[PDB]
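Below is the file my_file_36.pdb, which contains PDB, N, CA and C atoms.
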MODEL        1
ATOM      1  N   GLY R 700      27.840 -19.023  22.049
ATOM      2  CA  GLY R 700      26.627 -18.204  21.943
ATOM      3  C   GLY R 700      25.845 -18.169  23.257
ATOM      4  N   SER R 701      24.577 -17.753  23.246
ATOM      5  CA  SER R 701      23.788 -17.795  24.482
ATOM      6  C   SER R 701      23.653 -19.254  24.913
ATOM      7  N   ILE R 702      23.502 -19.527  26.199
ATOM      8  CA  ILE R 702      23.340 -20.870  26.750
ATOM      9  C   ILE R 702      21.935 -20.909  27.300
ATOM     10  N   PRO R 703      20.924 -21.344  26.529
ATOM     11  CA  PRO R 703      19.559 -21.327  27.006
ATOM     12  C   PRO R 703      19.313 -22.069  28.311
ATOM     13  N   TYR R 704      20.191 -22.985  28.702
ATOM     14  CA  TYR R 704      20.050 -23.669  29.975
ATOM     15  C   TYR R 704      20.272 -22.714  31.151
ATOM     16  N   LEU R 705      21.085 -21.661  31.005
ATOM     17  CA  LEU R 705      21.432 -20.736  32.091
ATOM     18  C   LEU R 705      20.970 -19.298  31.897
ATOM     19  N   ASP R 706      21.037 -18.802  30.674
ATOM     20  CA  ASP R 706      20.710 -17.429  30.310
ATOM     21  C   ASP R 706      19.230 -17.102  30.240
ATOM     22  N   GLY R 707      18.339 -18.088  30.231
ATOM     23  CA  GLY R 707      16.961 -17.816  29.830
ATOM     24  C   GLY R 707      17.112 -17.927  28.297
ATOM     25  N   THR R 708      16.725 -16.981  27.449
ATOM     26  CA  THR R 708      16.979 -17.073  25.984
ATOM     27  C   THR R 708      16.430 -18.322  25.297
ATOM     28  N   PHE R 709      15.354 -18.914  25.806
ATOM     29  CA  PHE R 709      14.773 -20.092  25.182
ATOM     30  C   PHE R 709      14.242 -19.798  23.785
ATOM     31  N   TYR R 710      14.153 -20.862  23.012
ATOM     32  CA  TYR R 710      13.567 -20.926  21.689
ATOM     33  C   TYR R 710      13.187 -22.408  21.516
ATOM     34  N   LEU R 711      12.860 -22.898  20.332
ATOM     35  CA  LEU R 711      12.454 -24.299  20.136
ATOM     36  C   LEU R 711      11.166 -24.729  20.862
ATOM     37  N   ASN R 712      10.475 -23.859  21.594
ATOM     38  CA  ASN R 712       9.211 -24.188  22.253
ATOM     39  C   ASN R 712       8.141 -24.552  21.239
ATOM     40  N   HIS R 713       8.162 -23.910  20.079
ATOM     41  CA  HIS R 713       7.236 -24.175  18.987
ATOM     42  C   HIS R 713       7.470 -25.548  18.362
ATOM     43  N   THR R 714       8.560 -26.249  18.698
ATOM     44  CA  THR R 714       8.865 -27.567  18.134
ATOM     45  C   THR R 714       8.095 -28.697  18.793
ATOM     46  N   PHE R 715       7.485 -28.485  19.952
ATOM     47  CA  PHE R 715       6.676 -29.507  20.592
ATOM     48  C   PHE R 715       5.354 -29.709  19.862
ATOM     49  N   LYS R 716       4.914 -30.955  19.696
ATOM     50  CA  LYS R 716       3.620 -31.266  19.083
ATOM     51  C   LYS R 716       2.609 -31.614  20.155
ATOM     52  N   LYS R 717       2.922 -32.535  21.066
ATOM     53  CA  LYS R 717       2.034 -32.927  22.171
ATOM     54  C   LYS R 717       2.764 -33.670  23.274
ATOM     55  N   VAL R 718       2.124 -33.791  24.422
ATOM     56  CA  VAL R 718       2.656 -34.470  25.596
ATOM     57  C   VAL R 718       1.523 -35.138  26.334
ATOM     58  N   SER R 719       1.803 -36.246  26.991
ATOM     59  CA  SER R 719       0.826 -36.966  27.776
ATOM     60  C   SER R 719       1.474 -37.417  29.071
ATOM     61  N   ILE R 720       0.659 -37.574  30.107
ATOM     62  CA  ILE R 720       1.060 -37.891  31.478
ATOM     63  C   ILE R 720       0.263 -39.101  31.948
ATOM     64  N   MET R 721       0.906 -40.056  32.609
ATOM     65  CA  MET R 721       0.258 -41.311  32.971
ATOM     66  C   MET R 721       0.794 -41.877  34.282
ATOM     67  N   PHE R 722       0.013 -41.848  35.359
ATOM     68  CA  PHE R 722       0.435 -42.414  36.641
ATOM     69  C   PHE R 722       0.130 -43.907  36.737
ATOM     70  N   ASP R 723       1.041 -44.688  37.313
ATOM     71  CA  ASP R 723       0.862 -46.132  37.521
ATOM     72  C   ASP R 723       0.450 -46.922  36.266
ATOM     73  N   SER R 724       0.846 -46.441  35.093
ATOM     74  CA  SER R 724       0.538 -47.007  33.780
ATOM     75  C   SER R 724      -0.953 -47.175  33.458
ATOM     76  N   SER R 725      -1.851 -46.565  34.233
ATOM     77  CA  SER R 725      -3.307 -46.606  34.017
ATOM     78  C   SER R 725      -4.011 -45.270  34.234
ATOM     79  N   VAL R 726      -3.543 -44.444  35.159
ATOM     80  CA  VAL R 726      -4.187 -43.176  35.485
ATOM     81  C   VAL R 726      -3.748 -42.052  34.562
ATOM     82  N   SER R 727      -4.377 -41.953  33.395
ATOM     83  CA  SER R 727      -4.106 -40.884  32.427
ATOM     84  C   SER R 727      -4.509 -39.560  33.073
ATOM     85  N   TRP R 728      -3.594 -38.599  33.197
ATOM     86  CA  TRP R 728      -3.821 -37.329  33.901
ATOM     87  C   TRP R 728      -3.868 -36.104  32.982
ATOM     88  N   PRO R 729      -4.758 -35.122  33.211
ATOM     89  CA  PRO R 729      -5.741 -35.042  34.285
ATOM     90  C   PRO R 729      -6.971 -35.925  34.084
ATOM     91  N   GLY R 730      -7.153 -36.518  32.903
ATOM     92  CA  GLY R 730      -8.302 -37.373  32.630
ATOM     93  C   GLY R 730      -9.599 -36.624  32.907
ATOM     94  N   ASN R 731     -10.558 -37.304  33.534
ATOM     95  CA  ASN R 731     -11.865 -36.772  33.928
ATOM     96  C   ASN R 731     -12.627 -36.076  32.797
ATOM     97  N   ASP R 732     -12.314 -36.381  31.540
ATOM     98  CA  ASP R 732     -12.911 -35.759  30.358
ATOM     99  C   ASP R 732     -12.751 -34.236  30.360
ATOM    100  N   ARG R 733     -11.686 -33.712  30.985
ATOM    101  CA  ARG R 733     -11.441 -32.272  31.131
ATOM    102  C   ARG R 733     -11.168 -31.522  29.839
ATOM    103  N   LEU R 734     -10.195 -31.976  29.059
ATOM    104  CA  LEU R 734      -9.762 -31.315  27.824
ATOM    105  C   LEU R 734     -10.489 -31.793  26.573
ATOM    106  N   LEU R 735     -10.316 -31.085  25.455
ATOM    107  CA  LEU R 735     -10.900 -31.464  24.161
ATOM    108  C   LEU R 735     -10.257 -32.733  23.568
ATOM    109  N   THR R 736      -9.115 -33.156  24.117
ATOM    110  CA  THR R 736      -8.371 -34.401  23.863
ATOM    111  C   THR R 736      -8.015 -34.901  25.264
ATOM    112  N   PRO R 737      -8.985 -35.422  26.026
ATOM    113  CA  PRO R 737      -8.825 -35.734  27.438
ATOM    114  C   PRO R 737      -7.563 -36.448  27.918
ATOM    115  N   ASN R 738      -6.996 -37.363  27.144
ATOM    116  CA  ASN R 738      -5.817 -38.128  27.536
ATOM    117  C   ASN R 738      -4.464 -37.411  27.344
ATOM    118  N   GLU R 739      -4.408 -36.278  26.646
ATOM    119  CA  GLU R 739      -3.144 -35.600  26.362
ATOM    120  C   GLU R 739      -3.253 -34.097  26.110
ATOM    121  N   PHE R 740      -2.133 -33.393  26.247
ATOM    122  CA  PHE R 740      -2.026 -31.972  25.976
ATOM    123  C   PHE R 740      -1.549 -31.798  24.542
ATOM    124  N   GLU R 741      -2.451 -31.510  23.610
ATOM    125  CA  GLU R 741      -2.102 -31.316  22.209
ATOM    126  C   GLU R 741      -1.660 -29.872  21.984
ATOM    127  N   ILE R 742      -0.356 -29.635  22.027
ATOM    128  CA  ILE R 742       0.230 -28.306  21.917
ATOM    129  C   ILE R 742      -0.062 -27.636  20.584
ATOM    130  N   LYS R 743       0.056 -28.340  19.460
ATOM    131  CA  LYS R 743      -0.182 -27.757  18.133
ATOM    132  C   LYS R 743      -0.667 -28.790  17.113
ATOM    133  N   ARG R 744      -1.338 -28.370  16.041
ATOM    134  CA  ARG R 744      -1.896 -29.264  15.008
ATOM    135  C   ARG R 744      -1.493 -28.936  13.571
ATOM    136  N   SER R 745      -1.029 -29.942  12.837
ATOM    137  CA  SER R 745      -0.643 -29.853  11.417
ATOM    138  C   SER R 745      -1.851 -29.906  10.469
ATOM    139  N   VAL R 746      -2.938 -30.536  10.906
ATOM    140  CA  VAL R 746      -4.226 -30.623  10.218
ATOM    141  C   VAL R 746      -5.297 -30.457  11.289
ATOM    142  N   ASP R 747      -6.328 -29.648  11.055
ATOM    143  CA  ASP R 747      -7.378 -29.403  12.050
ATOM    144  C   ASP R 747      -8.778 -29.509  11.432
ATOM    145  N   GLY R 748      -9.390 -30.687  11.516
ATOM    146  CA  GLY R 748     -10.726 -30.935  10.981
ATOM    147  C   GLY R 748     -11.834 -30.429  11.896
TER     148      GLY R 748
ATOM    149  N   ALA O  68       4.300 -38.215   7.126
ATOM    150  CA  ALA O  68       4.622 -38.472   8.538
ATOM    151  C   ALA O  68       5.471 -37.412   9.250
ATOM    152  N   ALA O  69       6.445 -36.816   8.558
ATOM    153  CA  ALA O  69       7.438 -35.862   9.059
ATOM    154  C   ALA O  69       7.902 -34.855   7.963
ATOM    155  N   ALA O  70       8.833 -33.970   8.317
ATOM    156  CA  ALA O  70       9.419 -32.880   7.513
ATOM    157  C   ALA O  70       8.499 -31.687   7.188
ATOM    158  N   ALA O  71       7.415 -31.893   6.438
ATOM    159  CA  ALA O  71       6.461 -30.835   6.078
ATOM    160  C   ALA O  71       5.419 -30.582   7.170
ATOM    161  N   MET O  72       5.152 -31.572   8.023
ATOM    162  CA  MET O  72       4.106 -31.524   9.051
ATOM    163  C   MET O  72       4.407 -30.566  10.221
ATOM    164  N   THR O  73       5.482 -29.779  10.178
ATOM    165  CA  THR O  73       5.882 -28.880  11.278
ATOM    166  C   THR O  73       5.112 -27.555  11.268
ATOM    167  N   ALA O  74       4.780 -27.047  10.078
ATOM    168  CA  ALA O  74       3.859 -25.947   9.830
ATOM    169  C   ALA O  74       2.404 -26.441   9.949
ATOM    170  N   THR O  75       1.560 -26.163   8.954
ATOM    171  CA  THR O  75       0.199 -26.716   8.742
ATOM    172  C   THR O  75       0.035 -26.999   7.240
ATOM    173  N   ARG O  76      -1.015 -27.695   6.768
ATOM    174  CA  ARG O  76      -1.506 -27.415   5.398
ATOM    175  C   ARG O  76      -1.702 -25.919   5.293
ATOM    176  N   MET O  82     -19.242 -22.435  -4.561
ATOM    177  CA  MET O  82     -20.323 -21.495  -4.272
ATOM    178  C   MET O  82     -21.146 -21.149  -5.526
ATOM    179  N   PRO O  83     -22.462 -20.924  -5.371
ATOM    180  CA  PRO O  83     -23.327 -20.174  -6.300
ATOM    181  C   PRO O  83     -23.238 -18.611  -6.198
ATOM    182  N   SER O  84     -24.320 -17.917  -5.821
ATOM    183  CA  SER O  84     -24.595 -16.519  -6.189
ATOM    184  C   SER O  84     -24.637 -15.520  -5.016
ATOM    185  N   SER O  85     -23.691 -14.578  -5.004
ATOM    186  CA  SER O  85     -23.623 -13.440  -4.069
ATOM    187  C   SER O  85     -24.316 -12.159  -4.564
ATOM    188  N   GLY O  86     -24.640 -12.020  -5.855
ATOM    189  CA  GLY O  86     -25.695 -11.104  -6.322
ATOM    190  C   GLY O  86     -25.534  -9.649  -5.862
ATOM    191  N   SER O  87     -24.392  -9.046  -6.192
ATOM    192  CA  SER O  87     -24.141  -7.594  -6.166
ATOM    193  C   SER O  87     -25.130  -6.850  -7.081
ATOM    194  N   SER O  88     -25.060  -5.527  -7.142
ATOM    195  CA  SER O  88     -25.878  -4.742  -8.083
ATOM    196  C   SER O  88     -25.212  -3.457  -8.643
ATOM    197  N   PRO O  89     -24.441  -2.634  -7.886
ATOM    198  CA  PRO O  89     -24.001  -1.326  -8.412
ATOM    199  C   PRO O  89     -22.916  -1.311  -9.522
ATOM    200  N   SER O  90     -22.046  -2.317  -9.685
ATOM    201  CA  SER O  90     -21.127  -2.495 -10.855
ATOM    202  C   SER O  90     -20.170  -1.321 -11.195
ATOM    203  N   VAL O  91     -19.689  -1.175 -12.448
ATOM    204  CA  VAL O  91     -18.702  -0.134 -12.865
ATOM    205  C   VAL O  91     -19.260   1.093 -13.668
ATOM    206  N   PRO O  92     -20.437   1.685 -13.356
ATOM    207  CA  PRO O  92     -20.938   2.899 -13.996
ATOM    208  C   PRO O  92     -20.603   4.169 -13.196
ATOM    209  N   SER O  93     -20.976   5.320 -13.748
ATOM    210  CA  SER O  93     -20.752   6.664 -13.203
ATOM    211  C   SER O  93     -21.624   7.016 -11.997
ATOM    212  N   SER O  94     -21.329   8.151 -11.356
ATOM    213  CA  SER O  94     -22.183   8.764 -10.330
ATOM    214  C   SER O  94     -23.449   9.431 -10.908
ATOM    215  N   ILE O  95     -24.422   9.784 -10.058
ATOM    216  CA  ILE O  95     -25.734  10.353 -10.430
ATOM    217  C   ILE O  95     -26.077  11.576  -9.551
ATOM    218  N   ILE O  96     -26.860  12.528 -10.077
ATOM    219  CA  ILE O  96     -27.318  13.765  -9.394
ATOM    220  C   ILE O  96     -28.808  14.065  -9.650
ATOM    221  N   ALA O  97     -29.433  15.000  -8.916
ATOM    222  CA  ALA O  97     -30.847  15.402  -9.112
ATOM    223  C   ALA O  97     -31.138  16.908  -8.897
ATOM    224  N   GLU O  98     -32.336  17.357  -9.292
ATOM    225  CA  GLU O  98     -32.872  18.732  -9.184
ATOM    226  C   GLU O  98     -34.427  18.727  -9.197
ATOM    227  N   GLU O  99     -35.106  19.801  -8.769
ATOM    228  CA  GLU O  99     -36.573  19.824  -8.491
ATOM    229  C   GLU O  99     -37.395  20.921  -9.238
ATOM    230  N   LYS O 100     -36.880  21.470 -10.339
ATOM    231  CA  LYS O 100     -37.507  22.556 -11.118
ATOM    232  C   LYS O 100     -38.430  22.062 -12.249
ATOM    233  N   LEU O 101     -39.256  21.051 -11.987
ATOM    234  CA  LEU O 101     -39.756  20.177 -13.064
ATOM    235  C   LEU O 101     -41.076  20.567 -13.780
ATOM    236  N   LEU O 102     -41.192  20.095 -15.036
ATOM    237  CA  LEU O 102     -42.419  19.735 -15.794
ATOM    238  C   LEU O 102     -43.360  20.872 -16.259
ATOM    239  N   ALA O 103     -42.859  21.769 -17.123
ATOM    240  CA  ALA O 103     -43.758  22.559 -17.984
ATOM    241  C   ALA O 103     -44.401  21.696 -19.101
ATOM    242  N   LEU O 104     -43.736  20.598 -19.480
ATOM    243  CA  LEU O 104     -43.808  19.942 -20.795
ATOM    244  C   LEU O 104     -45.176  19.432 -21.227
ATOM    245  N   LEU O 105     -46.030  19.138 -20.259
ATOM    246  CA  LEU O 105     -47.374  18.672 -20.511
ATOM    247  C   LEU O 105     -48.218  19.744 -21.200
ATOM    248  N   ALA O 106     -47.893  21.029 -21.057
ATOM    249  CA  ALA O 106     -48.598  22.098 -21.749
ATOM    250  C   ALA O 106     -48.338  22.109 -23.266
ATOM    251  N   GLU O 107     -47.102  21.946 -23.745
ATOM    252  CA  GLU O 107     -46.808  21.953 -25.176
ATOM    253  C   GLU O 107     -47.518  20.843 -25.929
ATOM    254  N   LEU O 108     -47.654  19.656 -25.348
ATOM    255  CA  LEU O 108     -48.414  18.586 -25.981
ATOM    256  C   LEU O 108     -49.826  19.062 -26.361
ATOM    257  N   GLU O 109     -50.428  19.931 -25.549
ATOM    258  CA  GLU O 109     -51.664  20.617 -25.893
ATOM    259  C   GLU O 109     -51.421  21.839 -26.805
ATOM    260  N   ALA O 110     -50.373  22.661 -26.620
ATOM    261  CA  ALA O 110     -50.037  23.756 -27.544
ATOM    262  C   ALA O 110     -49.956  23.288 -28.996
ATOM    263  N   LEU O 111     -49.172  22.242 -29.212
ATOM    264  CA  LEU O 111     -48.864  21.612 -30.470
ATOM    265  C   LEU O 111     -50.137  21.116 -31.141
ATOM    266  N   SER O 112     -50.939  20.323 -30.437
ATOM    267  CA  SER O 112     -52.186  19.787 -30.979
ATOM    268  C   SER O 112     -53.305  20.833 -31.086
ATOM    269  N   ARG O 113     -53.279  21.932 -30.321
ATOM    270  CA  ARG O 113     -54.147  23.101 -30.545
ATOM    271  C   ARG O 113     -53.778  23.837 -31.818
ATOM    272  N   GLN O 114     -52.523  24.234 -31.955
ATOM    273  CA  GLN O 114     -52.071  24.997 -33.114
ATOM    274  C   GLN O 114     -52.179  24.179 -34.397
ATOM    275  N   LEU O 115     -51.960  22.865 -34.324
ATOM    276  CA  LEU O 115     -52.224  21.945 -35.427
ATOM    277  C   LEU O 115     -53.667  22.065 -35.914
ATOM    278  N   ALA O 116     -54.648  22.108 -35.014
ATOM    279  CA  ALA O 116     -56.022  22.334 -35.424
ATOM    280  C   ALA O 116     -56.167  23.695 -36.088
ATOM    281  N   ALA O 117     -55.600  24.747 -35.506
ATOM    282  CA  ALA O 117     -55.701  26.090 -36.067
ATOM    283  C   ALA O 117     -55.130  26.183 -37.498
ATOM    284  N   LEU O 118     -54.121  25.382 -37.866
ATOM    285  CA  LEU O 118     -53.696  25.247 -39.268
ATOM    286  C   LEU O 118     -54.870  24.816 -40.136
ATOM    287  N   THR O 119     -55.476  23.677 -39.805
ATOM    288  CA  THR O 119     -56.534  23.084 -40.623
ATOM    289  C   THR O 119     -57.747  23.990 -40.665
ATOM    290  N   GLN O 120     -57.998  24.697 -39.568
ATOM    291  CA  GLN O 120     -59.107  25.618 -39.440
ATOM    292  C   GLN O 120     -59.006  26.730 -40.470
ATOM    293  N   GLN O 121     -57.806  27.216 -40.762
ATOM    294  CA  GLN O 121     -57.622  28.278 -41.736
ATOM    295  C   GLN O 121     -57.335  27.772 -43.138
ATOM    296  N   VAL O 122     -56.880  26.534 -43.312
ATOM    297  CA  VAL O 122     -57.025  25.896 -44.624
ATOM    298  C   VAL O 122     -58.498  25.889 -45.000
ATOM    299  N   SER O 123     -59.386  25.547 -44.064
ATOM    300  CA  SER O 123     -60.820  25.568 -44.342
ATOM    301  C   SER O 123     -61.292  26.966 -44.733
ATOM    302  N   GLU O 124     -60.760  28.009 -44.106
ATOM    303  CA  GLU O 124     -61.098  29.395 -44.413
ATOM    304  C   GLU O 124     -60.595  29.876 -45.772
ATOM    305  N   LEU O 125     -59.592  29.232 -46.374
ATOM    306  CA  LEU O 125     -59.362  29.404 -47.807
ATOM    307  C   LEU O 125     -60.555  28.816 -48.571
ATOM    308  N   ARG O 126     -60.809  27.522 -48.389
ATOM    309  CA  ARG O 126     -61.801  26.779 -49.162
ATOM    310  C   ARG O 126     -63.197  27.390 -49.064
ATOM    311  N   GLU O 127     -63.639  27.741 -47.863
ATOM    312  CA  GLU O 127     -64.937  28.371 -47.614
ATOM    313  C   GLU O 127     -65.059  29.798 -48.158
ATOM    314  N   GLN O 128     -63.965  30.451 -48.561
ATOM    315  CA  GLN O 128     -64.018  31.711 -49.310
ATOM    316  C   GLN O 128     -63.856  31.493 -50.820
ATOM    317  N   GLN O 129     -63.043  30.530 -51.259
ATOM    318  CA  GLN O 129     -62.951  30.146 -52.673
ATOM    319  C   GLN O 129     -64.262  29.588 -53.229
ATOM    320  N   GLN O 130     -65.033  28.867 -52.417
ATOM    321  CA  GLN O 130     -66.329  28.298 -52.805
ATOM    322  C   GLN O 130     -67.434  29.349 -53.020
ATOM    323  N   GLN O 131     -67.203  30.622 -52.687
ATOM    324  CA  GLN O 131     -68.195  31.695 -52.829
ATOM    325  C   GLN O 131     -68.298  32.209 -54.275
TER     326      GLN O 131
ENDMDL
END
As a first step, turn the structure in this file into structure tokens.
Amino acid sequence: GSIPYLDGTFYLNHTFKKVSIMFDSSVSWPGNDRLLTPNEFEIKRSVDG
Amino acid sequence: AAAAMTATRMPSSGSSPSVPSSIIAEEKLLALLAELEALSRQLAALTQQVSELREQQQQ
């Protein structure tokens, strides 16, 4: 079938829930109280209070 | 924890017009107040001529 690694043709992007980045095991990035969840990129939510 | 979590999970509003028909209007109004006087005038004229029997029978 299509080879998403070479063809483009991506899918499964909606399967990500969240991601976080951490330099030197202490510097949570971007930090600085920037985002609504400062320590991580919350891609999608199953419950939203 | 997993499997289903991939998707997601008053008082009174006080209307008024309800289920009745439409409505219309016109401006040719109100002779009717005259008959209320016609009726009660002619009613007197009845009794007035009943009296005119009696006032001639009494002669």
Interatomic distance, atom CA of residue 726 of chain R to atom CA of residue 744 of chain R (Å, one decimal):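 Atom-to-atom, atom CA of residue 726 of chain R and atom CA of residue 744 of chain R are spaced 24.9 Å apart.
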Using Å and a single decimal, report how far atom CA of residue 737 of chain R sits from atom CA of residue 720 of chain R.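 Taking atom CA of residue 720 of chain R as the start and atom CA of residue 737 of chain R as the end point, the length is 10.9 Å.
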Given the file shown, determine the residues that the ChimeraX specification (/O :<8) & /R selects; report them as a VMD selection string. chain R and resid 713 to 714 744 to 747
Could you write out as lines of an AutoDock Vina configuration file the box around segment 101-110 of chain O (axis-aligned, all atoms listed in the file, 6 Å on each side), with centre and edge lengths in Å to one decimal?
center_x = -45.5
center_y = 21.2
center_z = -20.5
size_x = 24.4
size_y = 17.2
size_z = 29.0
Point-to-point distance in Å for atom C of residue 736 of chain R and atom N of residue 719 of chain R: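 Going from atom N of residue 719 of chain R over to atom C of residue 736 of chain R, I get 10.1 Å.
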Here's the selection I'm unsure about, the PyMOL selection byres ((chain R and resi 715) around 8); applied to the file above, which residues does it give, as an MDAnalysis selection string? chainID R and resid 711:714 716:718 741:744
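Comparing R:701, R:748, R:738, R:708 by their smallest distance to residue 721 of chain R, the closest is R:738 (using only C-alpha atoms).
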